[PDB]
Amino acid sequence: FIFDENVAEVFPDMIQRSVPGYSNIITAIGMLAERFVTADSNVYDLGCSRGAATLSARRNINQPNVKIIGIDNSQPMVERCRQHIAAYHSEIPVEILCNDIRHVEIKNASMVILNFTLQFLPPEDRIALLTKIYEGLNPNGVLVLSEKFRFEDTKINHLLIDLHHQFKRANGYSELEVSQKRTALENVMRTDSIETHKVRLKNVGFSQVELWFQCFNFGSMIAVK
């Protein structure tokens, strides 16, 4: 399982059937962009995929001189992203780059989005990235971090994983061809608890850090510089 032509194609439907609340987060990201994106700044969408978060933010930014930069290291993903974005008109320019988030520069940002992406980085690479993001954000800038969480409490972790399997079934997740390779990946994915995420965000330097959304074992938080 890699992010190839096939995963890039079925992605909106795969993530819809597997991430509870996915869609509400995307809508909320637009609300957050309205609140946090300032004029004359940049907005980064890290591991941007098809550009759902990117367009949600773009559609809700009404400030001048704002630029969006989406980054995804998969070429198949980046091609559909750029094309998907050129299909909607806007006076806000968007540059989509094909790189690995660990090497990109982040500067003059009012908003950074890591929407279910951090979990795909080696655990030992996460602090460095979040640190670079903290340094690249302007004062009062915001990091929106959505992740699949693990729960220290075993019994709760299983209860939530089960609710997550009830949701996947309800949505016919297994109908997808990518369904099993995808499910194998999540089994070996090194996810963090919500508390781990908060403590690390605070250690990097963010002043405000809080979970603002959750549905079973998936959620999203915000860290304000």
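From 1 onward, residues are counted along the sequence shown.
Item checked: Residue stretch of maximal mean CA temperature factor, 170-178 vs 60-68 -> The recorded data point to 170-178.
Item checked: Greater mean Cα temperature factor according to the PDB record, 1-9 or 214-222 -> Per the PDB record, 1-9.
Next item on the list: Pick out which of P93, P139, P122, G136 has the highest C-alpha B-factor in the PDB entry.
Entry: Of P93, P139, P122, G136, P122 has the highest C-alpha B-factor.
Check: Among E186, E195, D45, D40, which carries the highest Cα B-factor?
Finding: Comparing C-alpha B-factors across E186, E195, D45, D40, the maximum falls on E186.
Margin query: By the recorded C-alpha temperature factor, relative to the other modelled residues in its chain, which third is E152 in?
Written below: It belongs to the highest third of the chain when residues are ordered by C-alpha B-factor.
Check: What third of its chain's C-alpha B-factors does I25 belong to: lowest, middle or highest?
Finding: It falls in the bottom third of the chain.
Next item on the list: Give the position of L145 by CA B-factor within its chain, expressed as the lowest, middle or highest third.
Entry: Lowest third.
Note to self: Among the modelled residues of this chain, does the Cα B factor of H164 put it in the lowest, middle or highest third?
What the structure shows: According to the entry, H164 has a C-alpha B-factor in the chain's middle third.
Margin query: Can you tell me whether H89 has a C-alpha B-factor in the lowest, middle or highest third compared with the other modelled residues of the same chain?
Written below: Its C-alpha B-factor belongs to the highest third of this chain's values.
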